[PDB]
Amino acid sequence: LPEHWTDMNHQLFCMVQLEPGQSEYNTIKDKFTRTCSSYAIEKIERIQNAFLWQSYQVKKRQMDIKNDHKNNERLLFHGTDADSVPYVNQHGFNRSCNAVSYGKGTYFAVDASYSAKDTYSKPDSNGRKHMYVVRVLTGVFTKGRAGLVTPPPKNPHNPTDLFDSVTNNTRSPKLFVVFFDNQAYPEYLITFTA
C-alpha cells in the first residue's frame, strides 16, 4: 500500500480528506483548475481502497510486461452522480452500470471541464458536484466505435491480442474507454460547485 497513504488502523477502505495548501491537495487542485478554475472546490478526498489498488497494480504489472515497458498509465477525470459515489469508492468503475458512441465501457475525460458537465457530475439536492481523479491503464489505444464490448485487435490475424483502450481521436485524445474492471483506480474524489 503506497507510502503517501496514511495509516488505516488495520482497515482496508478509508476516504481521507486532504489538508488544503499541502503538496498533495495543491497537485490535485491544479489538475482540476487547469480547465475548471470557475468552479469552487469544497474538498478533495484520497481514496484508500486496498483491494481495488491490489487488483489494479496486478493489471499494471501485466500491461507493463505485455507492452514491453511503455508508460501505460494516464490520470483522467470521471464525473458521477452523488448516488453512485459510495459504489465507486468501494468497487470502482463498472461498465454494466449517456452516449456510448466509442464502445460499451467506462469513459474517462482528459479535461476536468468535460467531466464537470451536469450530464456526468449531476448536481445533488444541495448543488454539490462529484468528480474522480482516476489512474487509468490506457496502454496502447486505437479509435473506438459504437457497439464495441472490448477494444479491437491490434492485428486482425491475431484476433485475441487487443488494444488496451479506445479513444475518440488517437492523435489528440479527449476521452478514453476501458472495458475491464481492473483498469481504473479512483485515486481522489473532488466535491465542488459551479
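Heads up, when I say rigid core I mean the largest set of C-alphas that superpose within 1.5 Å between the two forms. Each residue number is its position in the shown sequence, starting from 1.
With every structure aligned by its rigid core, 64-72 is the stretch of 137-145 and 64-72 whose CA positions lie farther away in 9 other deposited structures of this protein. The stretch that strays farther, by root mean square C-alpha distance over structures and residues in 9 other deposited structures of this protein after a rigid core fit, is 4-12, when 184-192 is set against 4-12. When the C-alpha B-factors of 113-121 and 67-75 are averaged, 67-75 comes out higher. Taking the mean C-alpha B-factor of each stretch as recorded, 182-190 and 6-14 are not equal, and the higher mean is that of 6-14. Going by the entry's values, 128 shows the largest Cα B-factor out of 135, 46, 128, 59. Residue-level temperature factors show residue 166 in the lowest third of its chain, judged at the C-alpha atom. Remark: residue 40 belongs to the highest third of its chain, ranked by C-alpha B-factor as recorded. In the PDB entry, a CA B factor belonging to the lowest third of its chain's modelled residues is recorded for residue 106.
The PDB entry assigns residue 54 a C-alpha temperature factor belonging to the lowest third of its chain's modelled residues.
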